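Participant: here's my sequence, what's the structure:
(chains A and B, ligands or ions: 3)
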Amino acid sequence: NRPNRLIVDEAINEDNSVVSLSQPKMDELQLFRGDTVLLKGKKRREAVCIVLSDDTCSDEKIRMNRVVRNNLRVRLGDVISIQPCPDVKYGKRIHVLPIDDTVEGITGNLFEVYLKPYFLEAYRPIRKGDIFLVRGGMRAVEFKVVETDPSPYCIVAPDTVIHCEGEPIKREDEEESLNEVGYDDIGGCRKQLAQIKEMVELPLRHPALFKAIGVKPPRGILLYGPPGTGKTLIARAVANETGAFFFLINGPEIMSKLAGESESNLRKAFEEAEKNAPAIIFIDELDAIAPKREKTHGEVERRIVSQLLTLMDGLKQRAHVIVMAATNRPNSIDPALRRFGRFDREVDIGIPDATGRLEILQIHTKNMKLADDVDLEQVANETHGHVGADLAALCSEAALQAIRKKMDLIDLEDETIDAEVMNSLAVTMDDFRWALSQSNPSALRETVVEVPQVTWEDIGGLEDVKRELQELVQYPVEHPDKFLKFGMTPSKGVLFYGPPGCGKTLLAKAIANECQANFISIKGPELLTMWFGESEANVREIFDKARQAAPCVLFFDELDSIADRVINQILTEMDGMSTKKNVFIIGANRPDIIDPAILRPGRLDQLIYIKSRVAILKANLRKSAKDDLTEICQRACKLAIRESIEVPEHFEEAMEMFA
Amino acid sequence: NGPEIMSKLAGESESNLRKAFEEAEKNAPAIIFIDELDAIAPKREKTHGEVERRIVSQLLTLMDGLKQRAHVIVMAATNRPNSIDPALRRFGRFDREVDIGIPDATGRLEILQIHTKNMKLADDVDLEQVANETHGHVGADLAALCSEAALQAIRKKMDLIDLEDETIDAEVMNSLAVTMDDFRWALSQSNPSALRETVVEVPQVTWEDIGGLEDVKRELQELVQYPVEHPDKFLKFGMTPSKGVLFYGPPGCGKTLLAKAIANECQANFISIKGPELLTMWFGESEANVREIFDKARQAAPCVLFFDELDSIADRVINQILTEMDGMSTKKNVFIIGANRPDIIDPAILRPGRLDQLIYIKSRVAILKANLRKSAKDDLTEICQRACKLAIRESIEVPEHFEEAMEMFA
Ligand SMILES: Nc1ncnc2c1ncn2[C@@H]1O[C@H](COP(=O)(O)OP(=O)(O)NP(=O)(O)O)[C@@H](O)[C@H]1O
Ligand SMILES: Nc1ncnc2c1ncn2[C@@H]1O[C@H](COP(=O)(O)OP(=O)(O)NP(=O)(O)O)[C@@H](O)[C@H]1O
Ligand SMILES: Nc1ncnc2c1ncn2[C@@H]1O[C@H](COP(=O)(O)OP(=O)(O)O)[C@@H](O)[C@H]1O
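Facilitator: Numbers count the residues shown, from 1 in each chain, chains lettered A, B, ... in the order given. Ligands and ions are numbered 1, 2, ... in the order given. Now the structure:
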């Protein structure tokens, strides 16, 4: 019913002048490639840009970056009308202007700097009144098309004289900034972002629905993670994204107010968020305001939490507010905010994976002229355990470096601090090398969630167990119905005991690869020691970030390290682990100091043990002449590389009771 | 609302509680319900305040001030005996405990049913199923589920169909159905993580899941199957029934599946307090947590208690379980089972007034029949499982394997 209309979705191609559809739709709409389309959005707007194809598009959702989307006064979810519009004629005169707030500080001629680079061989269809963004000179510039000759919309051709006077246009009310915290600004946090998104989607963008309805719509949204994971952003952006009024509550701020005035604030906090509703009240650094754990010692520290819990209930479904809190971990927060009616929806944000950090890194360089030798992916690679902040700060450092070298030293000619300068000012792969080898690479590490990369290629011999695990996992994850035709239910865990350097680990990380499910490597030394004292509570937390990161396979290497608390605790959270969910559990030199209970059912009821020393030499020199296991292959790669520096091709020089 | 009553200026707090009763004593009969009390009156070791102390008082000053003629029944909701101040327990204040607990198999169903008495559930919505896989949830958990699952429907079908237009009206929601795929989504979320604890269920397993050793089988039925159905037949001899029994021996022997069974023949609940568990996964220094167990024990009667893996641990925990063992009103349905190391076992536990009954655990030929019942026609289970597998893995590759799988103390 009404084919020409489709639901706006985020864009894959960040290029302003393009909207991409799915092929079947485009044929249904007699649309080709270079095809120029017309777009009628909300508030009576029209945005004529170019349409393309896209395999991951929806047969009814038109992908489109925020520019083309704000130029329609549309949010993500609203549906627009597309219509082929090939009757556009090469402009003649394109009189434009910069929104006075993206230019405050840049001197010189904009045109030459941002305009020309922008249009040169693009022919970007443009329509009178469109606000488009240009990233150059190490920042962002918003330009408003004031008057276009082939009116309304024309195609900026090479012969279309593009005028630019000198009276930056004041930013009109409704024309929200494009420099605004957006979805496109958050990277690496895909799957979980996607979760915040649906929770609010309904109550936040479809208000009335919760009037003609009587259903419990989340109110409190808690975000977990370590400082710099990007909660604020993910927050300010989901609000800035769905047209909600965003009202912030900086936790340290709310404490730095006279003993009492504190309250009044939180109250106005909600008293103002309940005004412009839909609205998201974001409590930043909550663990500072409401940490009623064993740090709760105060005649006023207690009144505050109350006052907030008195409001974290006071809000009715009709209020149209979704309160979002950002704490660090289950224990930083008061166990009373967990009540069902307050902050009941946890969303774990975590450390960005290999790909993440890249996106992230990419996201913060969308302005600086990176060099041809800047392999951002590289930067992403050697940075193993960083968070957003760490990664962003890096781009600033690395960047400032450029500016600290080339430019001001060249002060000698003079101080032309202008556009053309920053514009051509490049940041080479040596600027990141400097930024990285600093006093900032020291990132606050913790337990990471990655997607196993190693397959069965890095494990030779013992192919006995290999064809076994694939049956307790490679079948209940891809073949769900084949496991309801027998009656029996899958195992919750398994155990791998034996001598060191045997293969257990490289196997546990492997088994997950064949299921594309994450992994969690909780080393033995580690829970007890390097984490937090008396942390039988830290253990339940592990499972939280475990069952949540599903599909996944858990693995506690070196279980012999430790019926005591820790063990018994890992055992308790082992039974309460919703079996009917993707939460596998591996185990790990001393089958004696091992509590038999761990051997017992409902836990590690599976018992395994670890030709071999002939093929484990092939998968140990693959990426490495043609004539403990690795303790030798390494003493060779060395005497082999030390023999060259002194022709890349050594060895002679290197040379059951329990079962 | 307890947090509410604390979030008021140091002092105004009182005035409230007073009007609280000053208004409830007006429209009386009336029930003054103190929500989240453990926040107001937790005079346990968290009682550190020149004002935290005045409040509790002020309330205890009223929790007495009320006369029979007042016509008010004050109801408090706390989490456990220790969350509350031991002074509210005085006879005259809050003296009547009513333990609400985690909903059993049937419960969760009703519950689930109760929150869908409005949404057009689909013909393929087996609510009982939802009830089944959700083992340890509470009301909230279960309700929140219906909302999630529900919103799901509304988040799919409807607004996507925004394309026609936004007719948010009755006929829409009316025909808007919530399928068994909406609950599948709601369940496989970040909410199924329910706050588990010790549950009270009605043993389902009978004597069918235990073959061999029918010696003890015809024994327990005499210390329970007779004093629960035949009360007078136990006052015609003089002797009084045993308060407990003990089952020691090698692993995977049958003790547990027996303790849960013995209760089934009496339709009496059961409580499985695993060994690792009291000490570890509960709360530290919890010789007080142990008396609590008996509280939720004698209360859930008729019932049979069972501490599996007693060898895990005269120390506190044990001695404590022993103390609350004598003070356990014998003239009430409070049986007590026990549970690989008859050495690290304090003889006192062997002694009378406790586990004066001592038992030990054909067999490995019939324990194979009750292990393949609901499962060809040509440690005990450590094999029957390696078979059901190589049997189902042999099909995915026709539902019918084995060859492939293959006293000092007494
Ligand atoms: N099957 C294998 N294939 C390739 N390399 C292996 C294999 N087994 C052991 N290694 C090498 O031996 C070292 C120990 O590897 P790993 O398998 O990760 O530990 P582990 O045997 O599981 N540890 P542990 O639990 O203490 O016995 C590594 O540096 C590997 O390169
Ligand atoms: N009599 C029995 N009938 C059927 N199955 C049994 C029997 N005894 C043991 N099993 C199996 O053995 C495993 C251990 O069962 P269970 O009887 O519950 O423990 P237990 O012997 O009481 N434990 P423990 O106190 O450590 O010796 C289970 O998976 C059962 O299926
Ligand atoms: N996942 C990410 N992708 C891109 N940028 C990120 C991400 N996480 C953090 N950042 C950047 O790091 C900084 C940290 O932001 P913020 O959300 O406020 O931190 P916090 O998690 O402490 O609240 C921001 O300026 C943001 O742009």
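Participant: now do the helices in the stretch 301-450 of chain A.
Facilitator: Secondary structure of the stretch 301-450 of chain A (DSSP state H, counting those that start in this stretch): helices located at A:301-309, A:311-314, A:354-363, A:376-382, A:388-402, A:408-409, A:419-424, A:431-436.
Participant: now do the stretch 51-200 of chain A
Facilitator: Taking DSSP H, counting those that start in this stretch to define them, one finds helices in the stretch 51-200 of chain A at A:66-70, A:110, A:116-119, A:193-205.
Participant: for chain A, which residues are neighbours of ligand 3?
Facilitator: A:186-189, A:227-233, A:326, A:352, A:360, A:363, A:388-389, A:392 (CB under 6 Å from any ligand atom). Where C-beta positions appear, they are placed from N, C-alpha and C, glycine not excepted.
Participant: narrow those residues to just the buried residues.
Facilitator: Buried by 16 or more other CB atoms under 10 Å in any protein chain shown: A:186-189, A:228-233, A:326, A:352, A:360, A:363, A:388-389, A:392, out of the residues of chain A next to ligand 3.
Participant: count the neighbours of residue A:458 for me.
Facilitator: Here the count is done by other CB atoms under 10 Å in any protein chain shown, and residue A:458 has 17 residues near it.
Participant: shouldn't it be in contact with residue A:507?
Facilitator: No - if you go by CB atoms under 8 Å, residue A:458 and residue A:507 don't touch, sitting 9.2 Å apart.
Participant: before we move on, the earlier item: the residues of chain A next to ligand 3: which ones sit near ligand 2?
Facilitator: Cross-checking the residues of chain A next to ligand 3 against ligand 2 (CB under 6 Å from any ligand atom) gives no overlapping residues.
Participant: quick one: contacts for residue A:55?
Facilitator: A:22-23 (CB atoms under 8 Å, 6 or more residues apart in numbering or on different chains).
Participant: ok, residue A:143 - contacts?
Facilitator: Residue A:143 neighbours (CB under 8 Å, 6+ apart): A:96-99, A:114-115, A:131-134.
Participant: what does residue A:362 give?
Facilitator: A:187, A:376.
Participant: from ligand 3, how far out is residue A:463?
Facilitator: According to CB to the nearest ligand atom, to the nearest Å, residue A:463 stands 40 Å off from ligand 3.
Participant: chain center to the top strand by length along chain A: distance?
Facilitator: Taking DSSP state E as the criterion, chain A has its longest strand at strand A:141-148. Chain-centre distance of strand A:141-148: 33 Å, with CA atoms, centre = their mean, to the nearest Å.
Participant: in that strand, what's buried?
Facilitator: Across strand A:141-148, burial judged by 16+ other CB under 10 Å covers A:141-145, A:148.
Participant: can you dump the C-alpha coordinates of it into CSV?
Facilitator: Below are the C-alpha coordinates for strand A:141-148, written out as CSV (Å, rounded to 0.1, in the frame of the first residue of the first chain):
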residue,chain,number,x,y,z
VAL,A,141,31.1,23.2,8.8
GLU,A,142,27.4,23.6,8.3
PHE,A,143,26.2,25.4,5.1
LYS,A,144,22.8,26.6,4.2
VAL,A,145,21.7,26.8,0.6
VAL,A,146,20.1,30.2,0.5
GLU,A,147,19.4,30.8,-3.2
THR,A,148,19.9,28.3,-6.1
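Participant: now do the contacts for the residue in the stretch 51-200 of chain A positioned nearest to ligand 3.
Facilitator: With CB to the nearest ligand atom as the measure, residue A:187 is the residue of the stretch 51-200 of chain A nearest to ligand 3, at 3.7 Å. Contacts for residue A:187 (CB under 8 Å, 6+ apart) come out as A:352, A:356, A:359-360, A:362-363.
Participant: contacts only, for the nearest residue to residue A:187 once chain neighbours are set aside.
Facilitator: Nearest non-adjacent residue to residue A:187, counting by CB to CB, 6 or more residues apart in numbering or on different chains: residue A:359, 3.4 Å away. Applying CB under 8 Å, 6+ apart, one finds that residue A:359 lies in contact with A:187-188, A:352.
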